[PDB]
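Take a look at the letters that make up each chain.
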Amino acid sequence: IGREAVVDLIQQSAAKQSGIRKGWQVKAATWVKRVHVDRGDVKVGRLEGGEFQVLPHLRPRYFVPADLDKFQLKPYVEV
Amino acid sequence: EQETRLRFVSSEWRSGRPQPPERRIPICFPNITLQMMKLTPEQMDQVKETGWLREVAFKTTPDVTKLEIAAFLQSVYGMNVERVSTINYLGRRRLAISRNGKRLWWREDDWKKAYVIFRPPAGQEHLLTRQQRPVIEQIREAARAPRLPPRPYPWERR
Amino acid sequence: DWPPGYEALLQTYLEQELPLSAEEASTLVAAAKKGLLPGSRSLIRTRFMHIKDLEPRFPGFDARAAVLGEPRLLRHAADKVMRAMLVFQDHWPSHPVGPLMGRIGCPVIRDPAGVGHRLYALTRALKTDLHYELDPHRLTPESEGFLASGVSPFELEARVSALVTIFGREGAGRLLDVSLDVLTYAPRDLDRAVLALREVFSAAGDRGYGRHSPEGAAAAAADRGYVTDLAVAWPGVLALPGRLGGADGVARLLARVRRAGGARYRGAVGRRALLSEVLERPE
Amino acid sequence: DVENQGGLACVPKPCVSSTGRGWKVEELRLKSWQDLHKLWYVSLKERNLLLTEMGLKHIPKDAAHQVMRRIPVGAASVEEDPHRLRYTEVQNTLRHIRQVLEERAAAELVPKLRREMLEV
Amino acid sequence: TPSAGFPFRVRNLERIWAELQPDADXXXXXXXXXXXXXXXXXXXXXXXXXX
Amino acid sequence: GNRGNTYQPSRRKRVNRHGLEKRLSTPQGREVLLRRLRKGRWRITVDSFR
RNA sequence: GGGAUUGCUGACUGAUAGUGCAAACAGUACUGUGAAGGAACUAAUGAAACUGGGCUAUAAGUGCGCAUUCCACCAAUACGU
RNA sequence: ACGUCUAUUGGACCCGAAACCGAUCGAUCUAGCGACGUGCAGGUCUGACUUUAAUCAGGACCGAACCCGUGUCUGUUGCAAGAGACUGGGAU
Ligand SMILES: [Mg+2]
Ligand SMILES: [Mg+2]
Ligand SMILES: [Mg+2]
Ligand SMILES: [Mg+2]
Ligand SMILES: [Mg+2]
Ligand SMILES: [Mg+2]
Ligand SMILES: [Mg+2]
Ligand SMILES: [Mg+2]
Ligand SMILES: [Mg+2]
Ligand SMILES: [Mg+2]
Ligand SMILES: [Mg+2]
Ligand SMILES: [Mg+2]
């Protein structure tokens, strides 16, 4: 009867009929061109005077290893 | 298996404005996917030697950022990225008619297309590699040119 | 965005580079590094040496006292500081900018019409009052108000007229002998705070404004005297609405619960600043 | 360096670079965090190469996209393309590396695991 | 081996952001990865002010 | 006056009337959603998507 | 009373029947603003209506797959293979 | 007791109302209200203010954009489950 319980049952019902977006989901997929849906991005800042300011600690940093060249493990193991 | 949840337009309207995180960690084990599209064969020969192009277009997932694509290319592939331009695309609709005629309709997963403009690596900048004619003569020739024909119809024979 | 442990590295780097004692160096490293100053080493050194090279060019300018008295001088370029005090000095041929750049960091940005005209209008606005000189040396770095870009000289004229209207000009002159930060308040907000103080600290009757206007007017004048004496004793009592207009009584009872009633406390609070701890407890 | 995703560069010549299999979880449990970090980066770059290479050809992946493209099950000579088989092995390797990392994160005792679940 | 990996908050070695990862818990970051987060926007302004 | 065109489309009004949140805002809307679930409808509300 | 496994259970039904659905995706397509309503479609065989032309004018065998009971190993108490 | 035929209670040989009682969904059509915003070509008359002057009023008049639908004709499984043409009414 609670609000969260109804939403959880809706999501469990939507767990079935999932995968590559068949049926009604083909039309419902076009809601992203109709109501400005925000995608799964991480926000890097905030507007103060309408000019966006990217906070430098929220800029993306990738900890790549020192050398991936002549490293002795490949993505494939011999049979 | 846990997968993509349904979202609701009223829910994103009500619980709106995602906030920036308080801390950002350097990303060990990143989950980010890029792929090129088709290149012209002369561009493919341009990549085969010296490994460079001024403009390369990529397919990504729509949860990425221009900063993330620029940082990933600079960090992993050693490139110099000047600017990124991102386009959000819908999936293609697919039709796969069944044993009884049903018109089974699919939709590909939504993708983001990035246009990445590159920069010459170090000292190699000569490979930008490009008489006159008056623009008054250009416009006057393009005004006396024959018009484009109207588009034929798919049943029409010409 | 700071690298973890950069605070110790910056404190050590300031000692290893330009001469500065560790306590004021820690003030630059910690207190004035929430913003207000760039955190980069090899950039504070360049500006500090460049501002150290401006002490001969200006007669009363000491770099160390100026950078500690107001630490936002180093977030601007040293050439801009040189031009800013030069142009402000031409708009104020009087006490030199060197003793004044260490108290006011406002003329780094809006010097030309701003600091000179506001200072001239404030000196004339207090000279047309009962003999107030208003030399600029007494100004504190919290006096960004009444000098910031956006207050008109007419607004200062209205502010001093309202200050000598809300307080009596003998009381306003005694109030302005200490802590000129009362000029920062707008006249409507200053009127609101003084009326709320007169309501809560009403010595005439109850917490309500007792003795409404022969002897009722005498009690009302005594209430105006008591609030102006508290303002002379402490300028921070004018900052009551930051807590609330109705929490002035709450802070007064937080002081009241210990021993006795109101009349003993009107004598006690006028003799010692017991309200500062109560306001800090409310914050 | 765009040659890395630009092509296999061994496929235009008629030779096969990878003739092997994908990593398994029991072998991946024996590798250290640094070795798993380097293998993860090498495997993601291999994933970008294989996705680009099967994007130049018009061949599906995942065996669920094949139903969408109306391509028959098994008897199509498309599941037998080398790039698709390598792509499935690379996805298995990345999934198994993720599974090993959460197993090691769940195998801890103090607040170090709250930091171990922040880099995975 | 689990013999190493113990809580080592001070294994920094003090390199601009190669100490950030082992402070958040790391052998060697690539120079290209640190080149991606540009460290020369303030350096050019410092050099121009010095000259 | 010709009839038949009572449906004037608007995304704001459609989501604000028959969306998830107005259904969840009231108890009887929540039993409407519950019997939509018990019937087995693939689309729970007019604004659901993924 | 209710929710899932099993039925050497059925003088129950056998695709206009039996659940609304035996099906690649049935509470689907589709209808309606909405609550809500809500189909058809198995594999062979190929009746009639209908429309053109013509005319008239030996209740058995043999193979496989299991189930029952014998046997010999059994957890040794229902059979375990 | 079985078999058959009647009878009673059940929906009780089948199909068919207008109904009544509850509690879901609907002001995206339409009626009223409320908040914010926008529009009213060209002229005509009357009253007022100021005039070295680039202002206002009238449920004013004629008349486009716009709103409505008086009369006639066409149409009547129509272009349209209420439309078209020409005349019309309002248009600060
Ligand atoms: Mg854009
Ligand atoms: Mg009309
Ligand atoms: Mg309709
Ligand atoms: Mg049936
Ligand atoms: Mg049938
Ligand atoms: Mg039936
Ligand atoms: Mg059949
Ligand atoms: Mg026949
Ligand atoms: Mg009988
Ligand atoms: Mg309603
Ligand atoms: Mg008209
Ligand atoms: Mg008329």
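Numbering of residues starts from 1 on every chain and follows the order in which that chain's sequence is written, so it may differ from the entry's own numbering; residues lacking coordinates are left out. Labels follow written order: the first chain is A, the first ligand is 1, and so on. The structure shown is incomplete relative to its larger assembly, and all values pertain to the part shown. Remark: hydrogens and water are excluded; side-chain values derive from all non-hydrogen atoms of the structure. Residues with missing side-chain atoms are left out of burial classes, side-chain pairs and their counts.

Looking at the entry header, you'll see cryo-EM listed as the method and 3.0 Å as the resolution.

**Q** Is there a simple way to explain the overall build of chain A in this structure?
**A** A tally of helices and strands in chain A yields 2 helices and 3 strands. Comment: elements are numbered from the N terminus, with helices defined as DSSP H or I runs of at least four residues and strands as E runs of at least two. Start at the N end of chain A and walk to the C end: the helices and strands fall as α-α-β-β-β. Against the compact-globule benchmark of 12 Å for 79 residues, chain A has a radius of gyration of 22 Å, which places it well outside the compact range. Dimensions of chain A, computed from the C-alpha atoms along their principal axes, are close to 60 × 55 × 30 Å. Buried means the residue's accessible area, taken with a 1.4 Å probe over protein chains only, is under 20% of the maximum for its type, while exposed means over 50%, and partly exposed covers the values in between. Across the 79 residues in chain A, those meeting the buried criterion constitute 43%. Each radius of gyration is computed over the set of C-alpha atoms, and the globule rule expresses the reference value as 2.2 Å times the number of residues to the power 0.38.

**Q** Is there a simple way to think about the interface of chain B and chain A in this case?
**A** Accessible area lost during the coming together of the parts is what is often quoted as the interface size. Taken residue by residue, the interface counts 40 residues in chain B and 39 residues in chain A. We define buried area as the total accessible area lost by two parts upon association, computed with a 1.4 Å probe and summed across both. Contact between chain B and chain A buries roughly 3,600 Å² in total, counting both sides, with carbon and sulfur atoms accounting for 59%. On the chain B side of the interface with chain A, the three residues burying the most area are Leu-6, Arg-24 and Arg-107 of chain B, jointly 18% of the side's total. When a carboxyl oxygen of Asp or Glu lies within 4 Å of a side-chain nitrogen of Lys or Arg, that pair is called a salt bridge. The interface formed by chain B and chain A holds 1 salt bridge in total. Taking the shortest distance from any N to any O, the salt bridge between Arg-21 of chain A and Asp-110 of chain B comes out at 2.7 Å. By the criterion applied in these results, polar contacts are pairs of N or O atoms within 3.5 Å in which, for protein atoms, one can donate a hydrogen and the other can accept it, and in which residues neighboring in sequence qualify only through two side-chain atoms. For the pair chain B and chain A, the interface holds 12 residue pairs in polar contact. When residues of the side of chain B that touches chain A are traced back to their parent elements, those giving at least two are β1 (7-8), α1 (9-14), α3 (66-76) and β6 (105-107) of chain B. Note on contacts: a residue pair qualifies if any of its non-hydrogen atoms lie within 4.5 Å across the two residues.

**Q** Is there a simple way to explain the environment of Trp-13 of chain B in this structure?
**A** Counting through the fold element by element, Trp-13 of chain B comes out in helix α1. Of the residues examined, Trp-13 of chain B reaches a relative accessible area of 29% and is grouped as partly exposed. Residues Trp-13 of chain B and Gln-2 of chain B, spaced 11 residues apart in sequence, show a C-alpha to C-alpha distance of 25 Å. Ignoring any residue separated from it by four or fewer positions in sequence, one finds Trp-13 of chain B in contact with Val-35 of chain A together with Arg-11, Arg-12, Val-15 and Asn-16 of chain F.

**Q** Before we go on, may I ask you to explain the interface of chain D and chain A in this structure?
**A** Facing the 21 residues of chain D at the interface are 15 residues of chain A. A salt bridge links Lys-38 of chain D to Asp-67 of chain A; its shortest N-O distance comes to 3.6 Å. Taken together, the links from chain D to chain A amount to 6 residue pairs in polar contact. Those elements that place two or more of their residues in the side of chain D that touches chain A are α3 (33-56) and α5 (82-106) of chain D. It is α3 of chain D that provides the largest number of residues to the side of chain D that touches chain A, a total of 9 residues. Under the convention adopted here, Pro, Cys and the residues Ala, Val, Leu, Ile, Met, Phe, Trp and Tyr are nonpolar, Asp, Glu, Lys and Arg are charged, and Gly plus all remaining residues are polar. Per-class residue counts for the side of chain D that touches chain A are 8 nonpolar, 5 polar and 8 charged. DSSP calls a pair of strands paired once it identifies at least 2 bridges connecting them. Bridging between strand β3 (residues 76-77) of chain A and strand β1 (residues 21-22) of chain D involves 2 bridges; their strand directions are antiparallel.

**Q** I'm lost on the pairing of strand β3 (residues 55-60) of chain B in this one. Help?
**A** If a strand is regular, its side chains alternate between the two faces of the sheet. Residues and elements named next belong to chain B. When strand β2 (residues 35-36) meets β3, the two strands line up antiparallel, connected through 2 bridges. By the bridge assignment for β3, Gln-35 is matched with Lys-59. As paired strands, β3 and strand β7 (residues 111-118) are joined by 6 bridges and run antiparallel to one another. Bridge pairing in β7 links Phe-58 to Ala-114.

**Q** What is the right way to read the protein's contact with RNA strand H from this model?
**A** All names here are of chain F. Near, as used in this document, describes a residue that has one of its heavy atoms within 4 Å of the molecule or strand being considered. Around RNA strand H, a shell composed of 15 residues is seen, among which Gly-1, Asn-2, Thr-6, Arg-17 and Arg-35 lie nearest. Close to the protein, within 4 Å, the atoms of RNA strand H belong to sugar or phosphate groups at a rate of 83%. Within the contact set of RNA strand H, a phosphate oxygen lies 3.2 Å away from a backbone nitrogen or oxygen of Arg-3. Residue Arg-17 places a side-chain N or O atom 2.9 Å away from a phosphate oxygen belonging to RNA strand H. The set of elements that each furnish at least two residues to the surface near RNA strand H consists of α1 (11-18) and α3 (27-39). Looking at the surface near RNA strand H residue by residue, the class counts come to 2 nonpolar, 7 polar and 6 charged.

**Q** Explanation requested: the sheet that holds β3 of chain B in the structure shown.
**A** Strands belonging to one sheet form pairs held by backbone hydrogen bonds; the direction of such a pair is parallel or antiparallel. Residue and element names in this part refer to chain B. Spatial strand order, β2-β3-β7-β4: 4 strands in an open sheet with antiparallel pairing. The open sheet terminates on both sides in strands that have one partner only, identified here as β2 and β4 (81-89). Axis definition: a line fitted to C-alpha atoms, over the contacting stretch in the case of helices. Angles run 0 to 180 degrees between N-to-C directions. Along the sheet, α3 contacts β3, β4 and β7; its crossing angle with β4, the most-contacted strand, is approximately 130°.

**Q** Can you walk me through the nonpolar core in this structure?
**A** Among buried residues, the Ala, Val, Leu, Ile, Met, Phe, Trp, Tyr and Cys ones that are joined through side-chain atoms within 4.5 Å form a nonpolar core. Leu-122, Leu-147, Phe-167, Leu-183, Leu-190 and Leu-238 of chain C are the most contacted members of the largest nonpolar core, which totals 65 residues. The biggest single contributor to this core is helix α10 (residues 187-200) of chain C, with 6 residues. Leave out the neighbours within four places in its chain, and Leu-190 of chain C touches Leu-163, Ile-166, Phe-167, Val-182, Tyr-185 and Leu-238 of chain C. Counting residues in hydrophobic clusters, the runner-up holds 59 residues, among them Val-76 of chain B together with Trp-23, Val-25 and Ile-59 of chain D.

**Q** Explanation requested: the side chain of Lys-112 of chain B in the structure shown.
**A** As for its position among the elements, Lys-112 of chain B is in strand β7. Despite its burial, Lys-112 of chain B remains without a salt bridge, the nearest opposite charge being carried by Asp-41 of chain A at 7.3 Å. Polar side-chain contacts of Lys-112 of chain B include one of 3.3 Å to the backbone oxygen of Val-64 of chain B. Those residues within four positions of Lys-112 of chain B in sequence are excluded, and the remaining contacts are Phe-58, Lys-59, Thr-60, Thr-61, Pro-62, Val-64, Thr-86, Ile-87 and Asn-88 of chain B. The positive count covers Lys and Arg only, the negative count covers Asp and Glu only, and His and the chain ends enter neither.

**Q** Just to check I follow, could you spell out the packing of aromatic side chains for this structure?
**A** Geometry of an aromatic ring pair is reported as the spacing of the ring centres plus the angle between the planes. The rule is short: rings of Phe, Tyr and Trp, with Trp giving its six-membered ring, pair when the centres are within 6.5 Å, and they are stacked under 30 degrees, edge-to-face over 60, tilted in between. Applying the stated criterion to the full structure yields 9 aromatic pairs over all chains. Here the aromatic rings of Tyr-89 of chain B and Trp-111 of chain B are separated by 4.6 Å at their centres, their planes lie at 10°, and the arrangement is stacked. Linking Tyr-89 of chain B in strand β4 with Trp-111 of chain B in strand β7, this pair joins segments that are 22 residues apart in sequence. For the pair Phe-201 of chain C and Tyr-226 of chain C, a centre-to-centre distance of 6.1 Å together with 55° between the ring planes defines the contact as tilted.

**Q** Would you mind going over the protein's contact with RNA strand G with me for this structure?
**A** Around RNA strand G sit 22 residues, and of these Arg-14, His-18, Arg-35, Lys-39 and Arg-41 of chain F come closest. Near the protein, meaning within 4 Å, the atoms of RNA strand G are sugar or phosphate in a fraction of 59%, with bases accounting for the rest. Backbone polar atom of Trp-105 of chain B to a base nitrogen of RNA strand G: 3.4 Å apart, as the coordinates give it. One nitrogen or oxygen atom from the side chain of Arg-23 of chain F is found 3.1 Å from a sugar or linking oxygen belonging to RNA strand G. Elements represented by at least two residues in the surface near RNA strand G include exactly β6 of chain B together with α1 and α3 of chain F. Residue contributions to the surface near RNA strand G peak at 4 residues, all from α3 of chain F. Residue composition of the surface near RNA strand G, grouped by class: 9 nonpolar, 4 polar and 9 charged.

**Q** What should I look at first to understand the arrangement of the chains in this one?
**A** The highest contact count of any of the 10 pairs of chains in contact belongs to chains A and B. At the C-alpha level, the nearest point of chain C lies 36 Å from chain F, with no contact between them.

**Q** Is there a simple way to think about unusual backbone geometry in this case?
**A** Excluding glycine, most residues fall at negative phi; most peptide bonds, likewise, are trans. Positive phi outside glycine occurs at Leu-134 of chain C, with the angle close to 55°. Turning to its location among the elements, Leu-134 of chain C is positioned in the loop between α7 (111-127) and α8 (153-166). We classify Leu-134 of chain C as buried; its relative accessible area is 5%. A positive phi angle, near 60°, is found at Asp-25 of chain E, a position not held by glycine.

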